[PDB]
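Read through the structure below, which is laid out as structure tokens, and then see the notes.
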Amino acid sequence: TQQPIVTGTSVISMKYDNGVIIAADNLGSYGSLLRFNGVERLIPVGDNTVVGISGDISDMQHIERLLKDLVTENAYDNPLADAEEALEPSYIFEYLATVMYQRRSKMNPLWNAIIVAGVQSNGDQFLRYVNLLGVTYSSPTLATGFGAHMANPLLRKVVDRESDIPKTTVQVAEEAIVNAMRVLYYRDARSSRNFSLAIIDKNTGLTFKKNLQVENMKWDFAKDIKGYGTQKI
Amino acid sequence: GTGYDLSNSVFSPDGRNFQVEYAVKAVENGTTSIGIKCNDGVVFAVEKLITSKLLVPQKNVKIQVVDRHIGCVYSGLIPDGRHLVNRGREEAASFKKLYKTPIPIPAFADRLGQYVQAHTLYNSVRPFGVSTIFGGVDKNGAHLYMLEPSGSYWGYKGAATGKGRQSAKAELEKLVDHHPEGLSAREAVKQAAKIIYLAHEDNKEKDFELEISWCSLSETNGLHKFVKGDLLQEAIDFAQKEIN
């Protein structure tokens, strides 16, 4: 049993017709201190999988080492390591889910919320979540922490059910994701303006965008607001 | 008296460990394999005797990778070889976990060295029946090594072991003399394919299959990779051509 120290906030994601999109800002909080700003919380595994992590950063780094090892180990005595026998997003997830549940079962959890996004070898999209309790679930859209409360409602307006997937394009999806990130920047006190976004498309492959920034924010209406009730000036 | 050769860690009257020496016999009785250090990497090649047409070609791979920057090939009892590589892998993983940086070739060599030497310390274990050629690129260059069943190892410019080690060594020595400036990864791959072909005369009875791998700072980015397709055939031909 422990307590998170340096933490990463929301991780949001959704799937579109040709793949999945996942994003997460670059902040590493220390309580209410916005302590670190160059933290990458999206971990690419191979070229068909990206793992988004929130929660304790020290544990995130541990999961990173684990993922690198998975790649190294899968390459051993594997002549088809970059072909038929490369790591599938589902393998990477089942692995992490296993670890997450074993650790909570030993009363020593990896204090994180994880979302594994990718495209299977047969082209199928992959989006599944696992957290410190070992709980897992899939949905056309998935978000952790604050994003679960504010991103999902927005992302679900694009893909409310399975049949909305084929009707959604990368442009629509990426736009929804970028807007959600802005909303989270407005209301989440542990969020950052800088973030990374990655797309895993069954045709274009893995696109990993770094250093994005929330833009087009509305703040002007603030000038009109004064006092907290009766004040006029 | 006698019987000094029935138990592993026993010193004979002349200070030898006969069981290690018998382990060597098992190595000399094995397929030939080599390693060539080039100007920015290393190349590994090995002879693969075609027992019969039934062996699916290209499937029974012998060269093994350790971590992501090291290659290992060996001659002798194959299972003993795998055993040693598994140890090397655990050994490399441990080093990376504590020091973050992937294990340096010299450091790695000693890990295998100590482990192998350990198997000559007790009569409850048997020495390793393989000589291993391995190496890769690291923070400061390329390194080639060869480890004997005694646990003895040194850095090499070129190395060979197995049935045709003499032919190979002869060839390697020529290369060393005619290239004081240094061979290139591209060249080494071909030269390696040739030596395996030449050294195959000491077993010319059975047909074989060529296998090459390399690790070059420029050609593979410092990662160990197998030579396949076009680059492979191009090397096979270069040999078939100079075999006549």
The rounded separation in angstrom of the Cα centers of the range A:10-72 and the range A:133-163 is 17 Å
Where a label projected 7 Å from the Cα of A:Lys210 along Cα→Cβ would reach, residues of the range A:47-84 with amide N under 20 Å
A:47-54, A:57-58, A:60-69
Relative contact order in percent for chain A (Cα pairs under 8 Å, 6+ apart) equals 26 percent
Could you line up A:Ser196, A:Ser163, A:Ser191 from fewest to most neighbouring Cβ atoms inside 10 Å?
A:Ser163, A:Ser196, A:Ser191
A correct Karplus calculation of ³J(HN,Hα) over the range A:68-81, with 6.51 cos²θ - 1.76 cosθ + 1.60, θ = phi - 60°, whole Hz and x for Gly and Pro, returns 4, 5, 4, 5, 4, 4, 5, 6, 4, 6, 10, x, 10, 4
Take the alpha carbon atoms of the protein assembly as shown, find their radius of gyration, then divide it by 2.2 N^0.38 Å using N residues; give the quotient.
1.26
For the residues A:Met107, A:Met181, what sequence is obtained by ranking on other C-beta atoms within 10 Å, fewest first?
A:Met107, A:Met181
Give, as a single signed number, the net charge of other residues whose beta carbon lies under 12 Å from the beta carbon of B:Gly135, with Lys and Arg counted +1 and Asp and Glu -1.
+1
Only loop residues by DSSP count here, and only those with at most 13 other Cβ atoms within 10 Å; note down the trypsin sites (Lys or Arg not before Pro) in the range B:148-244 that meet that.
B:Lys204, B:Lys206, B:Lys228
The set of residues whose placed amide H lies less than 5 Å from the amide H of A:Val6, leaving out same-chain residues fewer than 5 positions away, is A:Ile57, A:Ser58
Report ³J(HN,Hα) in whole Hz for each residue of the range A:8-17, in order, from the Karplus equation J = 6.51 cos²θ - 1.76 cosθ + 1.60 where θ = phi - 60°; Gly and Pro get x.
x, 7, 2, 9, 10, 6, 7, 10, 10, 3
Using the structure shown, select from A:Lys15/B:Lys100; B:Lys25/B:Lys194; A:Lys68/B:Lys25 the pairs with a Cα to Cα distance greater than 29 angstrom.
A:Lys15/B:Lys100; A:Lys68/B:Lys25
Using Stokes-Einstein with the Kirkwood hydrodynamic radius over Cα pairs, what translational diffusion coefficient do you get for chain B at 4 °C and a viscosity of 1.567 mPa s, in µm²/s rounded to a whole number?
71 µm²/s
Karplus (6.51, -1.76, 1.60) ³J(HN,Hα), θ = phi - 60°, over the range B:216-230, in Hz, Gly and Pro reported as x:
10, 4, 9, 7, 10, 6, x, 9, 6, 9, 8, 8, 10, x, 3
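For A:72-79, what's the mean count of beta carbons from other chains sitting within 10 Å of each residue's beta carbon?
5
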Using the alpha carbons of chain A, what is the convex hull volume per residue in cubic angstrom, as a whole number?
142 Å³
As a footprinting exposure proxy, order A:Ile115, A:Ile5, B:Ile243 by other Cβ within 10 Å, with the fewest listed first.
B:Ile243, A:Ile5, A:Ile115
Efficiency of FRET between A:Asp160 and A:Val135 - r from beta-carbon atoms, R0 25 angstrom, step 0.05
0.65
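Cβ atoms come from the backbone with ideal geometry, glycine included; neighbour counts cover every protein chain shown. Computed from the coordinates by the stated procedures, all read-outs in this text should not be read as laboratory data.
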